[PDB]
Amino acid sequence: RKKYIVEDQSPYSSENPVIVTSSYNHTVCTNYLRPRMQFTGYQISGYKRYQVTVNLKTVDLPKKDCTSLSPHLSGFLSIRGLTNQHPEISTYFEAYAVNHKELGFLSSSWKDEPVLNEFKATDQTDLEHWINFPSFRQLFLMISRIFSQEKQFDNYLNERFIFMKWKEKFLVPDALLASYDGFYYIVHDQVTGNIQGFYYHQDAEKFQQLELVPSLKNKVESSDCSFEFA
Amino acid sequence: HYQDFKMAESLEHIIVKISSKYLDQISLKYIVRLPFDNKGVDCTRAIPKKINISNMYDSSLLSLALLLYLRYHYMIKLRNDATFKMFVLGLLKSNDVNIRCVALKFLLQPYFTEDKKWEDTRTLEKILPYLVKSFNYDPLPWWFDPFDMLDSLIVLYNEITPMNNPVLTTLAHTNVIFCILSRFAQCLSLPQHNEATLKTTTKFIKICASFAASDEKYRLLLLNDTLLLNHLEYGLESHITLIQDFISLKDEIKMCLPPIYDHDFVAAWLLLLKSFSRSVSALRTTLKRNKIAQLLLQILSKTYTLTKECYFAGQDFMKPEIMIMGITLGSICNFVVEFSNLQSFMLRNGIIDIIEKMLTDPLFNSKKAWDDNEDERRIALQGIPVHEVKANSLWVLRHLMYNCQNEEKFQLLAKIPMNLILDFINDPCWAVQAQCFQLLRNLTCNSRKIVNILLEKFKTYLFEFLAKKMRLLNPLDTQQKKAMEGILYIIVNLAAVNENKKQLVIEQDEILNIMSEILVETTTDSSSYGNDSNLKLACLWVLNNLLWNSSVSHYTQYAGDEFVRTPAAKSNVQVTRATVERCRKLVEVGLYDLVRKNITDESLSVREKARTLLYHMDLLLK
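As summarised from the PDB record, the model derives from cryo-EM at a stated resolution of 3.3 Å.

Chain B has the name Vacuolar import and degradation protein 28 in the PDB entry, where Saccharomyces cerevisiae YJM1133 is given as its organism. Looking at chain B in UniProt, the text filed under Sequence similarities is "Belongs to the VID28/GID5 family."

Chain A carries the name Vacuolar import and degradation protein 24 in the PDB entry, which gives Saccharomyces cerevisiae as its organism.

Some words on the overall build of chain A
In terms of regular secondary structure, chain A is built from 4 helices and 9 strands. Secondary structure elements of chain A, listed N to C terminal, follow the sequence α-β-β-β-β-α-α-α-β-β-β-β-β. Taken over the C-alpha atoms alone, chain A extends approximately 70 × 50 × 35 Å along its principal axes.

With respect to the overall build of chain B
The helix and strand tally for chain B stands at 34 helices and 0 strands. When the backbone C-alpha atoms are referred to their principal axes, chain B occupies close to 95 × 75 × 55 Å.

Describing the interface of chain B and chain A
Quoted interface sizes are often the accessible area lost when the parts come together. At the junction of the two partners, chain B supplies 79 residues and chain A supplies 62 residues. The biggest single contributor to the side of chain B that touches chain A is helix α27 (residues 478-494) of chain B, with 6 residues. Broken down by class, the residue content of the side of chain B that touches chain A amounts to 32 nonpolar, 24 polar and 23 charged.

Digging into the pattern of salt bridges
Residue and element names in this part refer to chain B. The final tally for this structure, using the stated rule, is 28 salt bridges over all chains. A salt bridge links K203 to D148; its shortest N-O distance comes to 2.4 Å. With a gap of 55 residues between them, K203 in helix α10 (residues 195-211) and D148 in helix α7 (residues 146-160) connect regions that are remote in the sequence. Owing to a relative accessible area of 36%, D148 belongs among the partly exposed residues under this scheme. Two residues, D375 and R378, come together in a salt bridge whose shortest N-O distance is 2.4 Å. Taken together, the residues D375 and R378, both in helix α20 (residues 375-381) and 3 residues apart, mark about one turn of the helix. Overall, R378 belongs to the partly exposed group, its relative accessible area being 34%. What you see here is one network of salt bridges that share partners, running through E233, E237, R289 and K291.

Observations concerning the environment of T201 of chain B
Residue and element names in this part refer to chain B. Following the sequence through the fold, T201 ends up in helix α10. Spatially, the C-alpha atoms of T201 and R183 are 9.5 Å apart, while their sequence positions differ by 18 residues. In this structure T201 touches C187, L188, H193 and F265, once residues within four positions along its chain are discounted.

Points about helix α28 (residues 499-507) of chain B
All names here are of chain B. Along α28, the positions that sit buried rather than exposed are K501, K502, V505 and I506. All buried residues of α28 lie within an arc of 130° about the axis, which places them on one face of the element. For α28, the elements touching its buried residues are α25 (448-457), α26 (462-470), α27, α29 (510-519), α30 (533-546) and α32 (572-589).

Notes on the packing of helix α1 (residues 2-19) of chain B against helix α2 (residues 56-72) of chain B
Residue and element names in this part refer to chain B. Between α1 and α2, the shortest axis-to-axis distance is 9 Å and the interhelical angle comes to 145°. Crossing angle aside, the handedness with which α1 passes α2 is left-handed. Taken together, the residues of α2 that come into contact with α1 (itself represented by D4, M7, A8, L11, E12, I14, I15 and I18) are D58, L61, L62, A65, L66, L68, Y69 and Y72. Split into classes, the residues belonging to the contact of α1 with α2 amount to 13 nonpolar, no polar and 3 charged.

Description of the packing of aromatic side chains
Residues and elements named next belong to chain A. For the coordinates displayed, the defined rule picks out 37 aromatic pairs over all chains. The interplanar angle of 85° and the centroid separation of 4.9 Å between the aromatic rings of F105 and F136 together place this pair among those described as edge-to-face. Residue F105 is found in the loop between β4 (89-97) and α2 (123-131), and its partner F136 is found in helix α3 (residues 134-141); the two are separated by 31 residues along the sequence. Residue class for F105 comes out buried when judged on its relative accessible area of 1%.

Notes on the environment of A293 of chain B
Residues and elements named next belong to chain B. For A293, the location among the structural elements is in helix α16 (residues 290-309). A sequence separation of 38 residues divides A293 from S331, and the C-alpha atoms of the two residues are 9.5 Å apart. Setting aside residues up to four positions removed in sequence, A293 forms contacts with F345 and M346.

Things to note about the nonpolar core
Of all hydrophobic cores here, the largest spans 200 residues; its most connected members are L150, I332 and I351 of chain B. With sequence-adjacent residues up to four places away left out, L150 of chain B is seen in contact with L128, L131, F135, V167, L171, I180 and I207 of chain B. Core analysis: the second largest hydrophobic core is formed by 26 residues, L33, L56, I79 and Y184 of chain A among them.

So, the pairing of β4 of chain A
Residue and element names in this part refer to chain A. When you tally the buried positions in β4, you get 8 out of 9 residues, the bulk of the element. Inspection of the sheet shows strand β3 (residues 73-81) paired to β4 by 7 bridges, in the antiparallel sense. Bridge pairing in β4 places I79 opposite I89. Bridging between β4 and strand β5 (residues 161-171) involves 7 bridges; their strand directions are antiparallel. Counterpart to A97 in the pairing with β5 is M164.

A short note on the side chain of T201 of chain B
The buried category is assigned to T201 of chain B, whose relative accessible area is 2%. Of the polar contacts made by the side chain of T201 of chain B, one reaches the backbone oxygen of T197 of chain B; its length is 2.5 Å.

Quick look at the packing of α32 of chain B against helix α34 (residues 604-621) of chain B
Residues and elements named next belong to chain B. Close contact between α32 and α34 brings their axes to 10 Å; oriented N to C, the two are set at 115°. Pair α32 / α34 crosses with left-handed handedness. Facing α32, whose interface residues are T579, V580, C583, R584 and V587, α34 presents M617, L620 and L621. Of the residues in the contact of α32 with α34, the class split is 6 nonpolar, 1 polar and 1 charged.

Regarding α2 of chain A
All names here are of chain A. Those residues of α2 that sit buried are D123, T125, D126, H129 and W130. Along the axis of α2, the buried residues cluster in a sector spanning 160°; they form a single face. Elements in contact with the buried residues of α2: α3, β5, β6 (183-189) and β7 (194-200).

Looking at a nonpolar patch on the surface
On the surface, a nonpolar cluster with roughly 290 Å² of combined accessible area is contributed by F5, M75 and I76 of chain B. Its place among the elements puts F5 of chain B in helix α1.

Things to note about the state of the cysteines
Enumeration according to the criterion identifies 0 disulfides over all chains in this entry. The thiol of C208 of chain B is not disulfide-bonded; the next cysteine sulfur, from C187 of chain B, is found 9.9 Å away. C445 of chain B takes part in no disulfide bond, and the closest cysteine sulfur to it belongs to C225 of chain A, at a distance of 3.6 Å. In this structure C445 of chain B comes out as buried when scored by relative accessible area, which is 7%.

A closer look at the pairing of β7 of chain A
Residues and elements named next belong to chain A. With 5 of 7 residues buried, β7 lies mostly within the body of the structure. In terms of strand pairing, β6 meets β7 through 7 bridges, oriented antiparallel. Paired with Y185 across the two strands is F198, which belongs to β7. Counted along the chain from β6 to the antiparallel partner β7, the turn is 4 residues long, and its residue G193 has a positive phi close to 65°. Here β7 runs beside strand β8 (residues 208-209); their pairing, made up of 2 bridges, is antiparallel. Within β8, the residue paired with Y199 across the bridge is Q208.

What counts, and at which threshold
Residues numbered from 1 in each chain as written, not as in the entry; some residues may be left out. Chains lettered and ligands numbered in written order. Part of a larger assembly, values for the part shown. Heavy atoms only, no water. Residues with missing side-chain atoms left out of burial classes, pairs and counts. UniProt positions renumbered as here; feature names shortened; annotations may be inferred. Helix = DSSP H or I, 4+ residues; strand = E, 2+ residues; numbered from the N terminus. Contact = heavy atoms within 4.5 Å. Nonpolar A, V, L, I, M, F, W, Y, C, P; charged D, E, K, R; others polar. Salt bridge = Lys/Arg side-chain N within 4 Å of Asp/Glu carboxyl O. Buried < 20%, exposed > 50% of the residue type's maximum accessible area, 1.4 Å probe, protein only. Arc of directions from axis to C-beta. Axes fitted to C-alpha atoms, helices over the stretch in contact; angles between N-to-C directions. Left-handed = near helix turned anticlockwise from the far one by under 90°. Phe/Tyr/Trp six-rings, centres within 6.5 Å; stacked < 30°, edge-to-face > 60°. Core = buried A, V, L, I, M, F, W, Y, C linked by side-chain atoms within 4.5 Å. Pairing = 2+ DSSP bridges. Polar contact = N/O pair within 3.5 Å; in protein donor to acceptor, adjacent residues only side chain to side chain. Patch = residues over 30% accessible without salt bridge, like charges linked within 9 Å, V, L, I, M, F, W, Y side chains within 5 Å. Areas by Shrake-Rupley, 256 points an atom, 1.4 Å probe, with all protein chains shown as cover. Disulfide = S-S within 2.5 Å.

Below, the structure written as structure tokens:
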């Protein structure tokens, strides 16, 4: 009978609208930075080891022009004991990527805003924590000198490695019901999709590693859900 | 139609006759950074000197004729002449208020009608200080509203480029936004109010909701004040009490009736609520209140029972109510996302029952039969658009089924069956079709039984229906592209269930042709689809799902109880040769060369996904 074909009355027309979707400059996400993606690893704090799980929630990665302070990445980070019997502490965190137009490597090109003032430490500390990574060095061999060299970089989404900063905002189960005053220097590799990083706070121990990896599922076939803020 | 042409010609003749007498007062001394030519005039922030029309009748005639010409000329030149543009730019600094206002209206019209005009930000920077000064004039004409024009510009730049708004950045540096917010806080604190103060406060609420629609900075700066949400709740409560009082006296009143006086006030408050709810941190910390959710549900129920009962009041009384229903459903579909704390609250207070009652009504559902005792309601309520209500209701249902177990899906399908969604699958509005396709994609995800139900409803020809849909939706419109992505991900979720579903998908020939036409698009061949990477990723995901399962993994990798074996380590030969036959069919169709051409693709995600798929197919072939 084919009810849904012969009864279709949609106004099909191959015309052109007033504004074409090519003019719409939307935001994208990558392969391993999808909304529902889980990462698993450890963390060496002091001398002890903890198990760290990361569940992403919203991924909103900008493009050529970005003068907005909406967070690029968002998720839940949970740290649980591995050596000791430490209870699980899970938090909601947000994150900003490093594109070499507005948000540079050093925390001096970042604008003076109350939401961005928690990601800033010192240009010297930033240079140390970034020179620890080998991909940073391979980027800059292909203080004012590194920024001048940074000004001619290509698109950051077409490069294999993405540098970013992570900051825990509050507690996830109940916000009302603070040992997260520092922030994470994060490098993410897209091809293998793994995350390394350091945790920085002034009144704390220095250079605590992260070393995450994607969480393998129990079914190789994958299906996709979606959502969109109205 | 001919009289419109005659009127346009006459008004253009009037403008040219009057403006040619004062055309010699244009004088601008500028610098081009690379003499009597006019090259490089659009590279400075300076505008020519003040041009004054001494004759009063000539100024009145020019102003009125140019306003009607602005009304007329797009249906049928003077806009593109550089001399006339410089003449109007010089008229911006005149002494007559009508001349300045009509110049502001003349210069800002192409930004809303012309295509690719919004890239001209230098003209916007030249124009905006005079609009800001036009806020400050005591006798203002009835045809000029600076609030409407500023709001229209900000909404235009929010809709086109959400990540970059030039107007907000050029108003923040010049101390204007702080003045606007201070005046809003002063208007909200007046001790005595009338209709004019309500209209001023409504315009301020609209422009403040336009500030925070796509920027977290102004969102948090507005939520820094602790008394804004109290006033929002007060406005919603006031409208609920007014609606309830009108409902309680329907028998005594019972035809043109005036609308409720604060419909614009409540609409603007709901616009702020939606813009605030568009961020996750505010949903988890600041908008945690249950009072907001219960007020939204009460507004929805009261407005629906107004449309059900008091239909004698006319269309002028009901159009604001249906607009309020649409905006409230938009706010609700923002609050019901899974990682917000209020989702179980809306489940517990019955949002699905309200949506099911609203969707089965013949007023909204055109596949329902009008009952033979409510013909007067059908006569009275016809002509009012109800597409946004249906689109937002399907948006709520789509957000309910995002990342949930099958028990909730079966509960919703017990309440709202599949036949209603399939009634809404062929709406003439593209938003309704897009939301229906995304809802079906969310439903079919990770569940075999829903896929079997959808196949049983299409007793198959579902693949023919999807292929027919894919060949006619225009990918230059965003709702049709959204529906296309929903169709492609329905195909993704359908082929990742069993071996029988993979056989059914690969038996079709039109879907493979659609995939081959999507994958062949490149930088120079972006005509049929537009070289969109999302469609390529969906097609690669279908091709990955057709060739990946546990037996192939065990063959190509290998050589309670507290310790169980993995599913890849544990009949497999038949599945393996079936998968190899599928790979050979895919090679014979010709998608292998397209996968190589997508190795040589610009974007990185398609490159890596195609590389993994090509390596897997190469290892399966041998």
